[PDB]
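Residue numbers (the deposited numbering), protein chains in the order written: chain o, 2 to 81; chain p, 3 to 92; chain i, 4 to 72; chain l, 25 to 156; chain m, 5 to 81; chain j, 7 to 59. Every residue gets a Cβ at the ideal spot worked out from N, C-alpha and C, and that includes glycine.
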Amino acid sequence: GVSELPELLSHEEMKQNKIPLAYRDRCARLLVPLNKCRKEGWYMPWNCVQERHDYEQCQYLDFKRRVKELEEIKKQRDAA
Amino acid sequence: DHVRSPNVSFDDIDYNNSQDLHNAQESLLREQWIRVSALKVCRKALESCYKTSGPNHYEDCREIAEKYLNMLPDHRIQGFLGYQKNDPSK
Amino acid sequence: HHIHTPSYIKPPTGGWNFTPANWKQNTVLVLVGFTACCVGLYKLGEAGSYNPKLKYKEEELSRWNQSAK
Amino acid sequence: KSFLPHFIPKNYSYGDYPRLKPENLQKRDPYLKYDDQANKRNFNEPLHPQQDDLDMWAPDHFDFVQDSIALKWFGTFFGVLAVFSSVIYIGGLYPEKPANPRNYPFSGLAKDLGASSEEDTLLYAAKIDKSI
Amino acid sequence: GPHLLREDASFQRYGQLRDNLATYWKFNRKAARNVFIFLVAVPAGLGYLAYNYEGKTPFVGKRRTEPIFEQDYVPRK
Amino acid sequence: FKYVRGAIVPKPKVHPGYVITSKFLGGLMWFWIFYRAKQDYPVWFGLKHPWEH
Ligand SMILES: CCCCCCCCCCCC(=O)OC[C@H](COP(=O)(O)OCC[N+](C)(C)C)OC(=O)CCCCCCCCCCC
Numbered sequence: 002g003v004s005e006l007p008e009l010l011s012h013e014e015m016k017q018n019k020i021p022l023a024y025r026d027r028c029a030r031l032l033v034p035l036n037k038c039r040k041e042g043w044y045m046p047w048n049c050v051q052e053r054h055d056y057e058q059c060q061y062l063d064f065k066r067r068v069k070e071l072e073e074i075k076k077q078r079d080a081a
Numbered sequence: 003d004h005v006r007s008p009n010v011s012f013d014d015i016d017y018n019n020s021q022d023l024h025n026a027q028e029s030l031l032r033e034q035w036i037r038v039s040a041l042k043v044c045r046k047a048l049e050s051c052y053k054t055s056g057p058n059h060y061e062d063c064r065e066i067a068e069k070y071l072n073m074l075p076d077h078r079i080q081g082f083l084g085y086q087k088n089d090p091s092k
Numbered sequence: 004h005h006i007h008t009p010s011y012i013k014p015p016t017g018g019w020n021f022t023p024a025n026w027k028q029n030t031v032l033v034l035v036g037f038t039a040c041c042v043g044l045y046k047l048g049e050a051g052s053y054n055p056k057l058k059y060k061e062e063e064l065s066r067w068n069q070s071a072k
Numbered sequence: 025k026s027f028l029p030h031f032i033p034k035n036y037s038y039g040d041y042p043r044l045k046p047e048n049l050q051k052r053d054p055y056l057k058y059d060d061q062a063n064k065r066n067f068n069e070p071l072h073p074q075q076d077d078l079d080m081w082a083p084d085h086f087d088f089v090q091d092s093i094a095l096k097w098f099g100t101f102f103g104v105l106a107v108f109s110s111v112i113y114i115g116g117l118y119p120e121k122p123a124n125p126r127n128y129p130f131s132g133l134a135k136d137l138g139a140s141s142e143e144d145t146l147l148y149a150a151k152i153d154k155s156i
Numbered sequence: 005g006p007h008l009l010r011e012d013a014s015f016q017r018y019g020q021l022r023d024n025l026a027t028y029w030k031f032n033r034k035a036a037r038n039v040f041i042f043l044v045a046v047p048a049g050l051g052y053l054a055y056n057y058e059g060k061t062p063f064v065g066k067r068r069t070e071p072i073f074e075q076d077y078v079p080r081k
Numbered sequence: 007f008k009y010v011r012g013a014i015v016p017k018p019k020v021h022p023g024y025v026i027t028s029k030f031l032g033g034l035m036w037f038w039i040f041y042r043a044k045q046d047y048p049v050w051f052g053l054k055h056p057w058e059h
């Protein structure tokens, strides 16, 4: 049930949670519970189903935001 | 026991004194090996910082890595012949 | 079967289907030998090994970076 | 059909050493009996001055086709894979990026990527998320 | 001893020749071409690479002073 | 043993252990393919996102 991007994590909370650098983005807030759930459940496909779906959907919204940006960038490039 | 470096420079001796030139040669060798010892200690800090920090190693170990990359060119054995046989100021 | 010339060719690995008459006796000795210092490998490994990510606290490393700065 | 390997002289002159046509022993009929069956050699057969290049221990000589044909076929193959690459590049037939490539906050994670201060931001920063 | 090796005359003739190639060597145009390549041409090529980059490669702890990745993307359409 | 001339080769008399083991492993694979396909045919083929239950 993720409708829009969550609030961004602070720099310190990223360091505390040892988030991978490539995944320090808008969805890093939803990654902290998932990596916490993944470790407890031995990463088994059936354990943390809901927390995994929520984070996947967040990256989908971050992706669609980047889809919108490129259309915006092209409009400035087309009209300049 | 633990012997010590007889701090003696080529600039303060007469080379015709056989024992004094021997000390300046030894003195320069022992100061370079200590700098090699210090460099290895700094590299030990870099390795422990890298292992513990994980993905935070870029930020956490930044100044340790910077110092190791600066000390590496000159914290190595250079010998005593180079400075014994050359006067930099001339 | 064939002729293996086993009269004088006795390599450490056996030479053409060699199983000595007292193989059961030797097998137990080797199995005892293998097991004995296989535990020795375990005893040494548990004493000598360590976790390189827990040797230094994160607070100790912050001082290192500032001091080396 | 069957041809000799390269760098095999057609003549030589080494004093009284017997002069013989070079025979690549790898091609000998293997269903004949020999005094040296593995090497396909009979005892006291004269050796060419470069027999080490014309026996079993020399590298295997493949002769299904001539070297030029094999080299022509070899170039023909990879030429197609380069024409296929060049047609697409010049025509630009590869698709465009469907989204603006990933960007990151904190000046593109510059601090997390070993940047010291503001002078070295773009040196270490990833792509910067201009939208806060 | 008991002559444990079956001596082969053709082997002996071949081996004796390989040891004595120097007797029949002629400093003709073919030999001169190979002598020039191996003892003049190739040493000169390495000779000019050694002194060209003598002290020109300070590669100990060499730093990166230039970015690797591009900041902005420009489409091709 | 004796060789019978001209006689054709019928279907072999394979030991039941070999046949049943082979059909258990093959049936195990087919079951898994069908079991996974049922719950993932939309996710696999891009016809539905994994979170769109
Ligand atoms: C990391 C380091 C590992 C050290 C220990 C490894 C095991 C040692 C095995 C010794 C016994 C053995 O293989 O040599 C003895 C066997 C004998 O042949 P066979 O099978 O008894 O048959 C006998 C019938 N013949 C007689 C026709 C062979 O081989 C040979 O003479 C074959 C020739 C190759 C020599 C292999 C040497 C391998 C050394 C490895 C180099 C690093």
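Next item on the list: Output, in sequence order along the chain, the residues in the region 31-59 of chain o whose CB is closer than 7 Å to any CB in chain j.
Entry: The residues in question are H54, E57 and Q58.
Check: Hey, is p/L48's beta-carbon within less than 7 Å of any beta-carbon in chain m?
Finding: One-based indexing of the second sequence puts residue 48 of chain p at position 46. Chain m contact via Cβ: absent.
Item checked: When o/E73, o/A81 and o/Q60 are compared against o/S4, the one with the closest alpha-carbon -> What you label residue 4 of chain o is simply residue 3 of the first sequence in a count that begins at 1. Ranking the options by Cα distance to o/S4, first place goes to o/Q60.
Next item on the list: Just the chain j side, please: which residues come within less than 9 Å of o/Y61 by C-beta, in chain order?
Entry: As a first step, residue 61 of chain o is located in the first sequence; it is residue number 60 there, counting from the start. Result: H55 and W57.
Margin query: Between which residues of its own chain and residue 6 of chain j is the CB-CB distance below 6 Å, once the five residues before and five after are set aside?
Written below: No information on residue 6 of chain j is available, as it lies outside the stretch 7 to 59 that chain j covers here.
Next item on the list: Please name the residues in the region 30-62 of chain p whose beta-carbon is closer than 7 Å to at least one beta-carbon of chain m, in chain order.
Entry: Residues passing the 7 Å Cβ filter: none.
Notebook entry, point to check: At a cut-off of 6 Å, is i/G18 close to ligand 1 when judged by its beta-carbon and the heavy atoms of the ligand?
Noted result: Locating residue 18 of chain i in the third sequence gives position 15, where the first residue counts as 1. Within the cutoff, so yes.
Notebook entry, point to check: With C-beta atoms as the reference, is o/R27 less than 7 Å away from o/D63?
Noted result: Locating residue 27 of chain o in the first sequence gives position 26, counting from the first residue. Locating residue 63 of chain o in the first sequence gives position 62, counting from the first residue. With contacts defined as CB atoms closer than 7 Å, o/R27 and o/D63 qualify as a contacting pair.
Next item on the list: Check the Cβ-Cβ distances between l/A139 and every residue of chain o, and say whether any is below 7 Å.
Entry: Here residue 139 of chain l corresponds to residue number 115 of the fourth sequence, with the count starting at 1. Answer no: the Cβ-Cβ gap between l/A139 and chain o never drops below 7 Å.
Notebook entry, point to check: m/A13 touches chain l at which residues, Cβ-Cβ below 8 Å?
Noted result: Stepping through the fifth sequence from its first residue, residue 13 of chain m is reached at position 9. Result: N68.
Check: Taking the DSSP output, what are the residues bridged to l/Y128?
Finding: Position 104 of the fourth sequence, counted from the start, is the residue given in the question as residue 128 of chain l. DSSP lists l/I152 as partners of l/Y128.
Note to self: Quick check on residue 82 of chain o - is its C-beta less than 7 Å from some C-beta in chain p?
What the structure shows: Residue 82 of chain o falls outside the range modelled here, since chain o spans only 2 to 81, and no answer is possible.
Note to self: Measuring only the C-alpha atoms, how far is p/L23 from p/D13?
What the structure shows: Walking along the second sequence from the start, residue 23 of chain p turns up at place 21. Walking along the second sequence from the start, residue 13 of chain p turns up at place 11. Their Cα atoms are separated by approximately 10 Å.
Notebook entry, point to check: j/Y41 to j/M35, Cα distance in whole Å?
Noted result: In the sixth sequence, counting from the first residue as 1, residue 41 of chain j sits at position 35. In the sixth sequence, counting from the first residue as 1, residue 35 of chain j sits at position 29. Going by the C-alpha atoms only, they are around 10 Å apart.
Note to self: Please return the same chain residues whose Cβ sits closer than 8 Å to the Cβ of p/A40, not counting the five positions on each side in sequence.
What the structure shows: Residue 40 of chain p sits at position 38 when you count from the first residue of the second sequence. Leaving aside the five residues that flank p/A40 on each side, the residues in its chain whose CB is nearer than 8 Å to its CB run, in chain order, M73 and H77.
Notebook entry, point to check: What do you reckon, are the CB atoms on p/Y70 and l/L137 nearer than 7 Å?
Noted result: Along the second sequence, one-based indexing puts residue 70 of chain p at 68. Along the fourth sequence, one-based indexing puts residue 137 of chain l at 113. Contact: no.
Checklist line | Chain-order list of residues whose beta-carbon lies under 8 Å from that of l/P129 (same chain, five-residue window excluded) | finding: By one-based count along the fourth sequence, residue 129 of chain l stands at place 105. These residues qualify, in order along the chain: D153 and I156.
Note to self: Under 7 Å, CB to CB, which of the residues in the region 44-63 of chain i have a partner in chain p?
What the structure shows: Cβ contacts with chain p come from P55, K56, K58, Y59 and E61.
Item checked: Contact with chain p by m/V64, beta-carbon distance below 7 Å -> Locating residue 64 of chain m in the fifth sequence gives position 60, where the first residue counts as 1. Contacts with chain p at 7 Å (Cβ-Cβ) include m/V64.
Next item on the list: Flag l/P119 as yes when its Cβ comes closer than 6 Å to any non-hydrogen atom of ligand 1, and as no otherwise.
Entry: Counted from its first residue, the fourth sequence places residue 119 of chain l at position 95. Shortest gap from the CB of l/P119 to any heavy atom of ligand 1: 6 Å or more.
Checklist line | Cross-chain neighbours of i/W67 in chain p, by beta carbon under 7 Å | finding: Numbered from its first residue, the third sequence carries residue 67 of chain i at position 64. Under the 7 Å cutoff, chain p gives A47, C51 and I66.
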